[PDB]
Amino acid sequence: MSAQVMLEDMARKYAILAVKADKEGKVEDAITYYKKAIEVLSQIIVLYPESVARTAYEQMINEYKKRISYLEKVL
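What counts and how
Residues numbered from 1 in each chain as written, not as in the entry; some residues may be left out. Heavy atoms only, no water. Residues with missing side-chain atoms left out of burial classes, pairs and counts. Helix = DSSP H or I, 4+ residues; strand = E, 2+ residues; numbered from the N terminus. Rg over C-alpha atoms; globule rule 2.2 N^0.38 Å. Contact = heavy atoms within 4.5 Å.

- Structure determination for this entry is recorded as X-ray crystallography, at 2.40 Å resolution.

- You'll find the chain entered in the PDB entry as AAA FAMILY ATPASE, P60 KATANIN, with Sulfolobus solfataricus given as the organism.
- Looking at the header, the entry is titled "Structure of the MIT domain from a S. solfataricus Vps4-like ATPase".

Digging into the overall build of the chain
Alright, step 1. A tally of regular secondary structure across the chain gives 3 helices and 0 strands.
Alright, step 2. The helix and strand sequence of the chain, counted from the amino end, reads α-α-α.
Alright, step 3. Taken against the 2.2 N^0.38 rule, which gives 11 Å for 75 residues, the C-alpha radius of gyration of the chain at 13 Å falls within 12% of a compact globule.
Alright, step 4. Projected onto the principal axes, the alpha-carbon positions of the chain cover approximately 40 × 20 × 15 Å.
Alright, step 5. Relative to all contacts within the chain whose residues are 6 or more apart in sequence, the contacts with residues 24 or more apart total 58%.

Next up, the structure:
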(Lines give C-alpha, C1' and ligand atoms only; values in the text may rest on other atoms or scores of the structure.)
Protein backbone atom coordinates (compact mmCIF):
# COMPACT_ATOMS: atom_id res chain seq x y z
CA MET A 1 0.00 0.00 0.00
CA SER A 2 2.94 0.13 0.52
CA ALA A 3 4.69 -0.61 3.82
CA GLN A 4 8.09 0.46 2.43
CA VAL A 5 6.96 3.93 1.30
CA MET A 6 5.04 4.63 4.54
CA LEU A 7 8.14 3.69 6.58
CA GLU A 8 10.40 5.79 4.32
CA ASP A 9 8.02 8.69 5.01
CA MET A 10 8.29 8.10 8.78
CA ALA A 11 12.11 8.02 8.54
CA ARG A 12 12.22 11.16 6.39
CA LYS A 13 9.94 13.05 8.80
CA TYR A 14 12.17 12.07 11.77
CA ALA A 15 15.35 13.09 9.95
CA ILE A 16 13.78 16.47 9.08
CA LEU A 17 12.95 16.91 12.80
CA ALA A 18 16.48 15.82 13.82
CA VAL A 19 18.16 18.26 11.41
CA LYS A 20 15.92 21.11 12.58
CA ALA A 21 16.66 20.45 16.27
CA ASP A 22 20.34 19.99 15.40
CA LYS A 23 20.50 23.48 13.77
CA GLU A 24 18.62 25.08 16.69
CA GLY A 25 21.18 23.55 19.04
CA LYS A 26 18.54 21.57 20.92
CA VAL A 27 21.05 18.73 21.25
CA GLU A 28 18.77 16.44 23.24
CA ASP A 29 15.86 16.49 20.79
CA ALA A 30 18.20 16.01 17.80
CA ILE A 31 19.76 12.91 19.37
CA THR A 32 16.37 11.33 20.03
CA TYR A 33 15.02 12.12 16.52
CA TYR A 34 18.18 10.81 14.85
CA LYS A 35 17.73 7.55 16.79
CA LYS A 36 14.08 7.36 15.66
CA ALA A 37 15.22 7.86 12.04
CA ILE A 38 17.83 5.09 12.43
CA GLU A 39 15.22 2.83 14.07
CA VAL A 40 12.78 3.22 11.15
CA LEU A 41 15.48 2.90 8.43
CA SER A 42 16.73 -0.27 10.06
CA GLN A 43 13.15 -1.66 10.06
CA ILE A 44 12.97 -1.14 6.27
CA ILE A 45 16.25 -3.03 5.80
CA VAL A 46 14.83 -5.84 7.97
CA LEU A 47 11.65 -5.99 5.85
CA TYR A 48 13.21 -5.23 2.45
CA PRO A 49 16.80 -6.47 2.69
CA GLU A 50 17.20 -6.58 -1.10
CA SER A 51 15.65 -3.19 -1.87
CA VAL A 52 17.56 -1.20 -4.52
CA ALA A 53 17.66 1.60 -1.92
CA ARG A 54 19.38 -0.52 0.73
CA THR A 55 22.79 1.18 0.35
CA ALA A 56 20.95 4.55 0.54
CA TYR A 57 19.32 3.61 3.87
CA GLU A 58 22.65 2.25 5.11
CA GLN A 59 24.38 5.53 4.24
CA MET A 60 21.66 7.56 6.03
CA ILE A 61 22.10 5.42 9.16
CA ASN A 62 25.90 5.78 9.07
CA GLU A 63 25.49 9.55 8.67
CA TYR A 64 23.07 9.82 11.61
CA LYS A 65 25.18 7.56 13.84
CA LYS A 66 28.17 9.87 13.06
CA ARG A 67 25.98 12.83 13.95
CA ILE A 68 24.91 11.21 17.25
CA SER A 69 28.53 10.41 18.22
CA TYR A 70 29.28 14.14 17.94
CA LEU A 71 26.16 15.40 19.72
CA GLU A 72 26.88 13.23 22.79
CA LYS A 73 30.03 15.33 23.33
CA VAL A 74 28.16 18.54 23.94
CA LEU A 75 25.07 18.01 26.14
